[PDB]
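I have placed the structure first, in the form of structure tokens, so that the comments after it can refer back to it.
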Amino acid sequence: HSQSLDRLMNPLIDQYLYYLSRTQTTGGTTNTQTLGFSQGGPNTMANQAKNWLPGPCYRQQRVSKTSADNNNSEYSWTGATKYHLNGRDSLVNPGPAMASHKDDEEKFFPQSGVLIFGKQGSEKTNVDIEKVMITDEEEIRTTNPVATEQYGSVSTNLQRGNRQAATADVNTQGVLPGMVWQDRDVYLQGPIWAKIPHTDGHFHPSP
Amino acid sequence: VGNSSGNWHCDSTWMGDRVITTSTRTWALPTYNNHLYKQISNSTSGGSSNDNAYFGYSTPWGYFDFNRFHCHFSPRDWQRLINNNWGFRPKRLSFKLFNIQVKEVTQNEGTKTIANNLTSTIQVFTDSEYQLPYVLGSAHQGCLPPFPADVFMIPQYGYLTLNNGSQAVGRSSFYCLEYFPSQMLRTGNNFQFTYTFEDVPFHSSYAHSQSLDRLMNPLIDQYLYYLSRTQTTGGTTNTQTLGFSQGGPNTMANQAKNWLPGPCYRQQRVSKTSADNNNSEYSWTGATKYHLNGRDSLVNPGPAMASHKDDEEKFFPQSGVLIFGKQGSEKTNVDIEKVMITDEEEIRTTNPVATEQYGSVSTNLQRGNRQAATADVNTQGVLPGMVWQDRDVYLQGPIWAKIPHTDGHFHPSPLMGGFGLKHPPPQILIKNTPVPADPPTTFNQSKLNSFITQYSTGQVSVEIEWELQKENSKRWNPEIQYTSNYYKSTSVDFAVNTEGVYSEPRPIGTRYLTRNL
Amino acid sequence: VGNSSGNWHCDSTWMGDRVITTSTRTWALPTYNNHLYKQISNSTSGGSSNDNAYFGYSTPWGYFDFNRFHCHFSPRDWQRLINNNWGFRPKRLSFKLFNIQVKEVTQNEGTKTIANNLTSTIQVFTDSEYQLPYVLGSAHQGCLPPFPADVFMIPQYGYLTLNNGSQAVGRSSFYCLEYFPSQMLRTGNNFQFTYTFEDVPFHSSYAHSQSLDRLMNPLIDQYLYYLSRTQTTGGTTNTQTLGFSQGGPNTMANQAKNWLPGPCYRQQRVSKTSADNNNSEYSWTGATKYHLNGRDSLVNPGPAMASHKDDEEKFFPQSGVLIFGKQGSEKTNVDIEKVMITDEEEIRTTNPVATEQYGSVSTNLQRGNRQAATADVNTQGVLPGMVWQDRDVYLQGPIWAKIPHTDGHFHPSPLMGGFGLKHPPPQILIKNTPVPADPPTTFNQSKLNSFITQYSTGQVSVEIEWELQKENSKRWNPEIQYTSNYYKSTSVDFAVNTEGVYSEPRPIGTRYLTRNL
Ligand SMILES: CO[C@H]1O[C@H](COS(=O)(=O)O)[C@@H](O[C@@H]2O[C@@H](C(=O)O)[C@@H](O[C@H]3O[C@H](COS(=O)(=O)O)[C@@H](O[C@@H]4O[C@H](C(=O)O)[C@@H](O[C@H]5O[C@H](COS(=O)(=O)O)[C@@H](O)[C@H](O)[C@H]5NS(=O)(=O)O)[C@H](O)[C@H]4O)[C@H](OS(=O)(=O)O)[C@H]3NS(=O)(=O)O)[C@H](O)[C@H]2OS(=O)(=O)O)[C@H](O)[C@H]1NS(=O)(=O)O
Ligand SMILES: CO[C@H]1O[C@H](COS(=O)(=O)O)[C@@H](O[C@@H]2O[C@@H](C(=O)O)[C@@H](O[C@H]3O[C@H](COS(=O)(=O)O)[C@@H](O[C@@H]4O[C@H](C(=O)O)[C@@H](O[C@H]5O[C@H](COS(=O)(=O)O)[C@@H](O)[C@H](O)[C@H]5NS(=O)(=O)O)[C@H](O)[C@H]4O)[C@H](OS(=O)(=O)O)[C@H]3NS(=O)(=O)O)[C@H](O)[C@H]2OS(=O)(=O)O)[C@H](O)[C@H]1NS(=O)(=O)O
Ligand SMILES: CO[C@H]1O[C@H](COS(=O)(=O)O)[C@@H](O[C@@H]2O[C@@H](C(=O)O)[C@@H](O[C@H]3O[C@H](COS(=O)(=O)O)[C@@H](O[C@@H]4O[C@H](C(=O)O)[C@@H](O[C@H]5O[C@H](COS(=O)(=O)O)[C@@H](O)[C@H](O)[C@H]5NS(=O)(=O)O)[C@H](O)[C@H]4O)[C@H](OS(=O)(=O)O)[C@H]3NS(=O)(=O)O)[C@H](O)[C@H]2OS(=O)(=O)O)[C@H](O)[C@H]1NS(=O)(=O)O
């Protein structure tokens, strides 16, 4: 896509919709509680009102292709994202569809969130990184969230005179009405099809 | 030149099962960017943070935007639709542009002279193939005004592309609008265009009269048991046990249910009385906001959720509502008596409150020594068995939005309300064709930058046929209708004041009539 | 007067085997020479040398020139044609002129007033008989701009004849353009004209993947011998002998061939890094230049030849290439970062390098005492058995050229690239018809020299149908496509900058796809 899902507006016009812009009178010496509303505009593109949301997420661990940038521990299995089924854990790999990295971060790839092919004649076990070809799912950063970052932030309490506004990071986010996402790419070396399991329930049965 | 191109049709027709709302207005189109496509970025608009960074293009084209309910329905027609129908959806649209005049303003010696140029044209095309960035549905300004008496100016079309800060990436595209087949129109020519909406679900313009967690028979018990008691009650030494009870008319909360409330993405709860809010700047810090490609954006209005619980009108979710602005209200840091905050409380029956946890889930495995722990669910994606209602519509709010061309979308109903369409009414783009001033008498390879100053005006009609779904309520007592309060006021509501300024006093939704769940 | 004459069509249509590229633009025509035919010569332009001497006439007529590939193809369309087709040629053309306005500027008291004159006309004729000097194909300026958003002014038509210095010879002819049947057009009238191209060879838009001197089987030897050894090798006293070897996979240079490289006319080799060039003014002295009737002219770009050998991008033939200029680049002594020098290196397979000898030939008869001498062939005309490729096309370069009406022409393909045509699209000439100011009230035999100042504007469309020759490559590995580099830039390529100025960053040729020889 040539447009980002969060930049589908007209950059010359403002909106006719307001948003909580200011909560505290700015200065005096004694700035107090207030409520100011602004109209989304070409300068506040982040605060504007949107009709859609990014595709679903299941956060992944972010490893660097340069081993000097990674923590010195064996987290290949410990720090991995893995579903539980009938008492046993399995690696979510490649997992659902998500962008590999943000802008200007080619060196980083989600731990399991990508398809890793092997160069010709590459061995089977503990082969090094110059013996494999790690795919780059970065062309879907427009609709899908980055595999190695929180999906969003949600309010975790009720702010009041004494209690202040707390918020949490959303690592796993199932679909919601209004979401839109793209599916994983295909790869001339990758699979073509997969049988949709014979179950009585399947959501968006794309492999 | 000496013959009108069309007539003024601006009234609604009710045919029982459908209503055709026509609306004519007078517009004015100036020459934008002085006929140039200029590249714009957050740095040209005076720089910004990374969350507000952008890269797009301004074009010399204006565009017509009739994507608001008040451009079509009058406050009376809207009330006649809201009090009698259970649902409605648009069926076909018919846009017409006529009575075009291309005036040529020549400012010489402080004295302004405006004369009509009968030979000048305007180009107007409609992207029926959706090959251009769709800008409508972002709730921008520049709509046919709500009051038919006034004339509006046509907004400028500009689009955005991919960016990496204020810079352009490889995939950033440049679309020349002059590369599409426009239709030159002199005074005397008219533009007609028809469109028929795809099959979209009716907008549920009713509230439910039953709560999703009270759909039982209050006189009968269930034949299903539930863990009622876990500890022998008293003795002195109450110990571990297991008692099961049958759900009944007194334990309505413990009974067994077949359905669950709609999905949630928790919001921060602010009070309309600023003395009840924490004294900090949490407009951006305490907000719920999705992350996309490294930059955060406000979830606003976000997905569909109830505004507050029972008897708490003062509280509203920070972003979870549509906030319109009263007439003439400014643009920045306007106070709360200058806006109209909508109340999405009629969906507390199926949708969870925007400012409260969705549920509680067990976080461990209770045992002899470990005791039962539980967590609060702030964000909850859909699950088999969920049921929810979509956001209301608001006679001042949007009508439709283009469903993004992706290969995956769940329940593509727009979060701002309206009808999600894969092929929405196309964008009608229009500009004044350039008319060069006298060129040199010797050839210069350089493009001509001197133009005759002009702007065009004329009328525009937009007829939309809506399908209705009449209310067949078999209820006994009277319902809740939208009514203008009978008390005497200084000025009538939805009318012009003593200065000729039309104003809509409050935001009117559709959910008035009730229906069972 | 109050009705448009045409619409704005400016898009391409791909039908598999052909592509129809339409392109509408807005023009402006001033009154040239104040409606007079003036005789011009090198002496009126400020005198010159004998090589630059000329004698011609200026006329009050302007002419339309759409002889450039960028007037028809957009950078995207050109890429879709360059990456998928092996050849292309034009089939039919359809020129249309409409929405004409004849404004009348009256400058009184420093205040300029421009009003439309509805009764004024313009004359426009097309020389379909080629009775006028053909001026298009000389790569002049005044083309429909490449970007459709901008308006251009129409160039002035003037022609040259025979001369003897700044003077006219007996055969010098004077052509009055008013002596042809024009077509007066008021506002409201339009000019339509159709043309169908003769049968011209497809333009080979592919590179060869094999070198003309490596078309053998590298595993087999030949059954043909060649003089391999002439002197018994060592002893101490090596003497005269005659040894013959068979060409083989190791002596690929000595093998026998059926073909020869295309013709040559050697060029001087200059380096893009001025520190590598001799410190002298050899722009004219060291140039290759043909002699004609006593005066020298630069062979530029000259016939078709490769620019450099392998791994020598820095070097380019002095005249042997097309040098375009970046946007806004000046006219005189502009530096090398202000131009874009094309690279004709994809034809090193068949054509000899422009800056090297063609071959070596024996210049004497070796004997017992005289030894074998040889010379370097700088200029080599065609010979039976030669094969060569023609110069590339360049989305900014010319499309066609009229083949001169002579009784002898060899391989009439234009040296600047394009399609050589004997009957090229005719020249559409257009001028504003004179409108005299108020004449005396008493008869004066003298022609009226006072005219109403006016200029005309309007739109012009040009539709061309091109026949394509789809690529059927049975190659296994991927080819070389033209692609916009994926890295992030400040501004998109082939797009408008932040000031609305469209610019083509580099010269795009056609030879991307490869094919065997
Ligand atoms: C960890 O638990 C411990 O801390 C949490 C909070 O901290 S935390 O978030 O960091 O974890 C405590 O939980 C919060 O507070 C609870 C509590 O204080 O009981 C409870 O608050 C909600 O309900 C409270 C009582 O409501 S009531 O309807 O049942 O009475 C309420 O506080 C009461 O406010 C009312 C009020 O303002 O109206 C007071 O009533 C008084 O005025 C009324 C109207 O006034 S008027 O002028 O006459 O018009 C009169 O009608 C009434 O007669 C009068 N009562 S009187 O006795 O003073 O005369 C009442 O006195 C207050 O107790 C909370 O409202 S608030 O006003 O305090 O802001 C209300 N929540 S809120 O409105 O959303 O703020 C909640 O469970 C919880 O709320 S919270 O805001 O989300 O945090 C927890 O209790 C505490 N437990 S502990 O660890 O065991 O110590
Ligand atoms: C933070 O980590 C630390 O604390 C957590 C818990 O605390 S927390 O929740 O607050 O964070 C610890 O994690 C919990 O406990 C773990 C543990 O104790 O190892 C582990 O428990 C699960 O597995 C245990 C061992 O199972 S086994 O199949 O591998 O052996 C188990 O405890 C064992 O119970 C069995 C049993 O009851 O059967 C005992 O076996 C004995 O009886 C068997 C049958 O008896 S019979 O009469 O002969 O029929 C015999 O066959 C067997 O031979 C005999 N063994 S013997 O050596 O005593 O002779 C066995 O001894 C016990 O160790 C847990 O069951 S339980 O019985 O203890 O309740 C079982 N989980 S459970 O059944 O669901 O309760 C889990 O990882 C975890 O469980 S939890 O309940 O979810 O909490 C963590 O280990 C601890 N680590 S630390 O921080 O590093 O110190
Ligand atoms: C710049 O000019 C000067 O130098 C050039 C050459 O130098 S350069 O190339 O660097 O510029 C001279 O030009 C070359 O030489 C010319 C020349 O020597 O006259 C001339 O040579 C060609 O013709 C010569 C005469 O031919 S003839 O048929 O007219 O007689 C010839 O030399 C003669 O060779 C014959 C021969 O070998 O047959 C000799 O004849 C003798 O034998 C014959 C057969 O023998 S057999 O055993 O009986 O069977 C007998 O029949 C004959 O009776 C007998 N004659 S006898 O008098 O000795 O008894 C004859 O004597 C020779 O003169 C050249 O052949 S060659 O044998 O010398 O190799 C022949 N060219 S060749 O055969 O292709 O080599 C040419 O014009 C030219 O030739 S070249 O090889 O291309 O260079 C130039 O003359 C000189 N002029 S100057 O500057 O004014 O001093």
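All residue names refer to the structure tokens as shown: chains lettered A, B, ... in order, residues numbered from 1 in each chain, ligands numbered from 1 in order.
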
### Query
Near residue 16 in chain C, within 10 Å and counting only C-alpha atoms, which residues show up once chain neighbours fewer than 6 positions away are dropped, as a list in words?
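Close residues of residue 16 in chain C: residues 467, 468, 469 and 470 of chain C.
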
Residues as selected, N, CA and C atoms, written as a short mmCIF file (atom, residue, chain, number, x, y, z; two decimals), in the first residue's frame, can you do that?
data_model
loop_
_atom_site.label_atom_id
_atom_site.label_comp_id
_atom_site.auth_asym_id
_atom_site.auth_seq_id
_atom_site.Cartn_x
_atom_site.Cartn_y
_atom_site.Cartn_z
N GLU C 467 1.91 0.55 -31.57
CA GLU C 467 1.84 -0.89 -31.68
C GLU C 467 3.00 -1.40 -30.84
N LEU C 468 2.75 -2.43 -30.05
CA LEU C 468 3.79 -2.99 -29.20
C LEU C 468 4.19 -4.35 -29.70
N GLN C 469 5.31 -4.83 -29.20
CA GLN C 469 5.83 -6.14 -29.57
C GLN C 469 6.21 -6.76 -28.25
N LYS C 470 5.27 -7.49 -27.66
CA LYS C 470 5.47 -8.09 -26.36
C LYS C 470 6.68 -9.02 -26.27
#

### Message
For ligand 3, return the neighbouring residues as a ChimeraX atom specification (distance at most 12 Å; only C-alpha atoms and all ligand atoms).
### Response
/C:363-373

Keeping only N, CA and C atoms, write the selected residues as an mmCIF file, in the first residue's frame.
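Now in selection-v4.cif:
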data_model
loop_
_atom_site.group_PDB
_atom_site.id
_atom_site.type_symbol
_atom_site.label_atom_id
_atom_site.label_comp_id
_atom_site.auth_asym_id
_atom_site.auth_seq_id
_atom_site.Cartn_x
_atom_site.Cartn_y
_atom_site.Cartn_z
ATOM 1 N N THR C 363 48.780 -2.345 -44.263
ATOM 2 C CA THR C 363 49.097 -1.217 -45.138
ATOM 3 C C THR C 363 50.197 -1.451 -46.170
ATOM 4 N N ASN C 364 50.774 -2.648 -46.185
ATOM 5 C CA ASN C 364 51.831 -2.963 -47.143
ATOM 6 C C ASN C 364 51.860 -4.446 -47.499
ATOM 7 N N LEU C 365 52.926 -4.859 -48.182
ATOM 8 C CA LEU C 365 53.108 -6.247 -48.591
ATOM 9 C C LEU C 365 54.380 -6.796 -47.946
ATOM 10 N N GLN C 366 54.239 -7.535 -46.844
ATOM 11 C CA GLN C 366 55.413 -8.076 -46.166
ATOM 12 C C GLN C 366 56.189 -8.975 -47.107
ATOM 13 N N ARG C 367 57.507 -8.951 -46.954
ATOM 14 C CA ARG C 367 58.393 -9.724 -47.801
ATOM 15 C C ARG C 367 59.606 -10.139 -46.970
ATOM 16 N N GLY C 368 60.606 -10.738 -47.609
ATOM 17 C CA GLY C 368 61.793 -11.149 -46.878
ATOM 18 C C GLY C 368 62.396 -10.018 -46.060
ATOM 19 N N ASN C 369 62.494 -8.831 -46.659
ATOM 20 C CA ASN C 369 63.071 -7.661 -45.986
ATOM 21 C C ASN C 369 62.047 -6.697 -45.363
ATOM 22 N N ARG C 370 60.908 -6.507 -46.030
ATOM 23 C CA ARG C 370 59.852 -5.621 -45.526
ATOM 24 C C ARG C 370 58.999 -6.405 -44.540
ATOM 25 N N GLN C 371 58.697 -5.818 -43.386
ATOM 26 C CA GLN C 371 57.880 -6.542 -42.429
ATOM 27 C C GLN C 371 56.440 -6.023 -42.368
ATOM 28 N N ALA C 372 55.537 -6.889 -41.917
ATOM 29 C CA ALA C 372 54.109 -6.589 -41.855
ATOM 30 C C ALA C 372 53.673 -5.353 -41.062
ATOM 31 N N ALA C 373 53.233 -4.330 -41.794
ATOM 32 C CA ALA C 373 52.747 -3.077 -41.207
ATOM 33 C C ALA C 373 51.221 -3.100 -41.194
#

### Message
Could you list, as number ranges by chain, all residues that come within 12 Å of ligand 1? Count only C-alpha atoms and all ligand atoms.
### Response
A: 156-166; B: 268-271, 275-278, 308-309, 311-312, 314-315, 355-357

Requested write-out: N, CA, C and O atoms of the selected residues, as an mmCIF file, in the first residue's frame:
data_model
loop_
_atom_site.group_PDB
_atom_site.id
_atom_site.type_symbol
_atom_site.label_atom_id
_atom_site.label_comp_id
_atom_site.auth_asym_id
_atom_site.auth_seq_id
_atom_site.Cartn_x
_atom_site.Cartn_y
_atom_site.Cartn_z
ATOM 1 N N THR A 156 -6.016 1.789 32.389
ATOM 2 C CA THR A 156 -6.195 0.710 33.360
ATOM 3 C C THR A 156 -6.924 1.076 34.650
ATOM 4 O O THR A 156 -7.113 0.222 35.517
ATOM 5 N N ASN A 157 -7.328 2.335 34.785
ATOM 6 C CA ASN A 157 -8.040 2.773 35.984
ATOM 7 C C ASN A 157 -8.997 3.925 35.694
ATOM 8 O O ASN A 157 -9.267 4.251 34.533
ATOM 9 N N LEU A 158 -9.512 4.535 36.761
ATOM 10 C CA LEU A 158 -10.436 5.659 36.653
ATOM 11 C C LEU A 158 -9.815 6.883 37.325
ATOM 12 O O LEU A 158 -9.873 7.009 38.547
ATOM 13 N N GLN A 159 -9.224 7.781 36.536
ATOM 14 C CA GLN A 159 -8.595 8.966 37.112
ATOM 15 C C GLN A 159 -9.618 9.776 37.881
ATOM 16 O O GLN A 159 -10.795 9.840 37.513
ATOM 17 N N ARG A 160 -9.157 10.387 38.965
ATOM 18 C CA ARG A 160 -10.017 11.170 39.831
ATOM 19 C C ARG A 160 -9.191 12.311 40.419
ATOM 20 O O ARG A 160 -8.042 12.509 40.028
ATOM 21 N N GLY A 161 -9.766 13.062 41.353
ATOM 22 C CA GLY A 161 -9.030 14.158 41.960
ATOM 23 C C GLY A 161 -7.678 13.725 42.502
ATOM 24 O O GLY A 161 -6.673 14.413 42.293
ATOM 25 N N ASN A 162 -7.646 12.584 43.191
ATOM 26 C CA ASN A 162 -6.407 12.062 43.782
ATOM 27 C C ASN A 162 -5.690 10.989 42.945
ATOM 28 O O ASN A 162 -4.453 10.946 42.918
ATOM 29 N N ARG A 163 -6.457 10.118 42.286
ATOM 30 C CA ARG A 163 -5.884 9.061 41.446
ATOM 31 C C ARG A 163 -5.585 9.647 40.074
ATOM 32 O O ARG A 163 -6.433 10.340 39.501
ATOM 33 N N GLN A 164 -4.402 9.374 39.533
ATOM 34 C CA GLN A 164 -4.093 9.917 38.223
ATOM 35 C C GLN A 164 -4.158 8.861 37.115
ATOM 36 O O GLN A 164 -3.995 7.661 37.362
ATOM 37 N N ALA A 165 -4.370 9.330 35.888
ATOM 38 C CA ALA A 165 -4.529 8.464 34.723
ATOM 39 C C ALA A 165 -3.402 7.474 34.411
ATOM 40 O O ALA A 165 -2.316 7.861 33.960
ATOM 41 N N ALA A 166 -3.688 6.193 34.638
ATOM 42 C CA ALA A 166 -2.743 5.103 34.369
ATOM 43 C C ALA A 166 -3.111 4.450 33.039
ATOM 44 O O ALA A 166 -4.257 4.546 32.589
ATOM 45 N N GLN B 268 -10.148 6.184 29.114
ATOM 46 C CA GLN B 268 -9.999 6.907 30.377
ATOM 47 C C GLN B 268 -11.276 7.696 30.602
ATOM 48 O O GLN B 268 -11.823 8.252 29.662
ATOM 49 N N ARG B 269 -11.747 7.755 31.841
ATOM 50 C CA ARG B 269 -12.991 8.456 32.136
ATOM 51 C C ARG B 269 -12.840 9.861 32.703
ATOM 52 O O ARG B 269 -12.428 10.027 33.856
ATOM 53 N N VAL B 270 -13.197 10.870 31.913
ATOM 54 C CA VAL B 270 -13.098 12.245 32.386
ATOM 55 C C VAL B 270 -14.481 12.810 32.733
ATOM 56 O O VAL B 270 -15.492 12.403 32.170
ATOM 57 N N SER B 271 -14.514 13.741 33.675
ATOM 58 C CA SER B 271 -15.758 14.357 34.116
ATOM 59 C C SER B 271 -15.967 15.710 33.441
ATOM 60 O O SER B 271 -15.004 16.448 33.223
ATOM 61 N N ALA B 275 -13.538 19.955 38.147
ATOM 62 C CA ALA B 275 -13.096 19.866 39.537
ATOM 63 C C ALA B 275 -12.991 18.398 39.981
ATOM 64 O O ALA B 275 -12.354 18.085 40.992
ATOM 65 N N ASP B 276 -13.615 17.506 39.216
ATOM 66 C CA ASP B 276 -13.606 16.078 39.522
ATOM 67 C C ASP B 276 -12.482 15.309 38.841
ATOM 68 O O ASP B 276 -12.314 14.112 39.089
ATOM 69 N N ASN B 277 -11.717 15.988 37.991
ATOM 70 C CA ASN B 277 -10.623 15.339 37.275
ATOM 71 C C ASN B 277 -9.291 15.570 37.962
ATOM 72 O O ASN B 277 -9.105 16.567 38.649
ATOM 73 N N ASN B 278 -8.363 14.641 37.765
ATOM 74 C CA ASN B 278 -7.034 14.755 38.350
ATOM 75 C C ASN B 278 -6.381 16.016 37.792
ATOM 76 O O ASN B 278 -6.624 16.399 36.643
ATOM 77 N N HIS B 308 -21.348 5.760 29.647
ATOM 78 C CA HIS B 308 -21.333 5.689 31.100
ATOM 79 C C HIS B 308 -22.362 4.691 31.613
ATOM 80 O O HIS B 308 -23.186 4.186 30.849
ATOM 81 N N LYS B 309 -22.306 4.405 32.911
ATOM 82 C CA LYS B 309 -23.253 3.482 33.529
ATOM 83 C C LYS B 309 -24.508 4.275 33.857
ATOM 84 O O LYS B 309 -24.673 5.410 33.408
ATOM 85 N N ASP B 311 -27.069 6.612 35.758
ATOM 86 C CA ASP B 311 -26.958 7.799 36.610
ATOM 87 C C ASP B 311 -25.578 8.477 36.673
ATOM 88 O O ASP B 311 -25.194 9.013 37.721
ATOM 89 N N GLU B 312 -24.834 8.457 35.569
ATOM 90 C CA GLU B 312 -23.521 9.109 35.542
ATOM 91 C C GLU B 312 -23.364 9.860 34.234
ATOM 92 O O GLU B 312 -22.498 9.528 33.429
ATOM 93 N N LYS B 314 -22.408 12.999 33.876
ATOM 94 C CA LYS B 314 -21.231 13.860 33.950
ATOM 95 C C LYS B 314 -19.951 13.252 33.386
ATOM 96 O O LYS B 314 -19.069 13.984 32.942
ATOM 97 N N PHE B 315 -19.849 11.927 33.393
ATOM 98 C CA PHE B 315 -18.652 11.254 32.893
ATOM 99 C C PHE B 315 -18.711 10.827 31.433
ATOM 100 O O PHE B 315 -19.720 10.291 30.971
ATOM 101 N N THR B 355 -15.496 3.101 29.727
ATOM 102 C CA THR B 355 -14.582 3.428 30.812
ATOM 103 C C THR B 355 -14.478 2.424 31.953
ATOM 104 O O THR B 355 -14.131 2.799 33.069
ATOM 105 N N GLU B 356 -14.779 1.156 31.691
ATOM 106 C CA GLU B 356 -14.692 0.132 32.731
ATOM 107 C C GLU B 356 -14.134 -1.179 32.185
ATOM 108 O O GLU B 356 -14.160 -1.421 30.975
ATOM 109 N N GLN B 357 -13.621 -2.025 33.073
ATOM 110 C CA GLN B 357 -13.047 -3.290 32.639
ATOM 111 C C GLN B 357 -14.112 -4.100 31.921
ATOM 112 O O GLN B 357 -15.305 -3.904 32.151
#

### Message
What are the residues of chain A lining chain C at 12 Å or less? Count only C-alpha atoms, and put the answer as a ChimeraX atom specification.
### Response
/A:103-104,139

### Task
Would you mind listing what lies within 9 Å of residue 166 in chain C as a PyMOL selection string, with only C-alpha atoms counted and same-chain residues fewer than 6 positions away left out?
chain C and resi 40-44+47-48+50+53-55

Compile a residue-level contact table for range 22-73 of chain A against range 178-196 of chain A at a cut-off of 10 Å, reporting for every qualifying residue the shortest atom pair and its distance in Å to one decimal, with only C-alpha atoms counted, rows ordered by chain and ascending number, as JSON lines.
{"residue": "A:50", "atom": "CA", "partner": "A:178", "partner_atom": "CA", "distance": 10.0}
{"residue": "A:51", "atom": "CA", "partner": "A:178", "partner_atom": "CA", "distance": 7.1}
{"residue": "A:52", "atom": "CA", "partner": "A:178", "partner_atom": "CA", "distance": 5.1}
{"residue": "A:53", "atom": "CA", "partner": "A:179", "partner_atom": "CA", "distance": 4.5}
{"residue": "A:54", "atom": "CA", "partner": "A:179", "partner_atom": "CA", "distance": 5.6}
{"residue": "A:55", "atom": "CA", "partner": "A:181", "partner_atom": "CA", "distance": 4.2}
{"residue": "A:56", "atom": "CA", "partner": "A:181", "partner_atom": "CA", "distance": 7.5}
